[PDB]
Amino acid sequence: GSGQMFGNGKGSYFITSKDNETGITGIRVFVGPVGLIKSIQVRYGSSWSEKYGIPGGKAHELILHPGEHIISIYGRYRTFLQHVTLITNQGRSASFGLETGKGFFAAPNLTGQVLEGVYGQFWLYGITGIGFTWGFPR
């Protein structure tokens, strides 16, 4: 779900996670003409989630094969989330957005765990902060 906080800050906030049913089967990233990530959407089973971020841009998708999972995430950011490349347990990678800014690497604490959720902050043109929740599949 999406929501806001009290305080002098700016962003709105979201959290999405494995409902109870099937884990992540796909990922939708919306990128604008300037190359920043505006919003994301995650598919659980066959059901795509709520849109999380700022409306606009063009949809880009990584559709996961059955038994295929996200196991690590490399990215870049400035004020806004610029770039994300998702890497799978099957050796595939999918790059979204423009490669600019500080680099980061996201991976679970426990080997074997996979991506089953995402949380973050969004504000003006897109996502300004992003985090990842991990867990064991099957």
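Numbering starts at 1 and runs along the sequence shown.
Colleague: State which stretch shows the higher mean Cα B factor in the entry: 79-87 or 25-33.
Modeller: The recorded data point to 25-33.
Colleague: Per the PDB record, is the mean Cα temperature factor higher over 4-12 or over 127-135?
Modeller: On average, C-alpha B-factors are higher across 4-12.
Colleague: Within this chain, which third does the Cα B-factor at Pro55 fall in: lowest, middle or highest?
Modeller: It falls in the top third of the chain.
Colleague: Ranked by Cα temperature factor within the chain, is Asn109 in the lowest third, the middle third or the highest third?
Modeller: Middle third by C-alpha B-factor.
Colleague: Using the B-factor values recorded in the entry, state whether the Cα atom of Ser93 falls in the lowest, middle or highest third among the modelled residues of its chain.
Modeller: Highest third of the chain for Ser93's C-alpha B-factor.
Colleague: Quick check for you: using the entry's CA B-factors within this chain, is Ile40 in the lowest, middle or highest third?
Modeller: According to the entry, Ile40 has a C-alpha B-factor in the chain's middle third.
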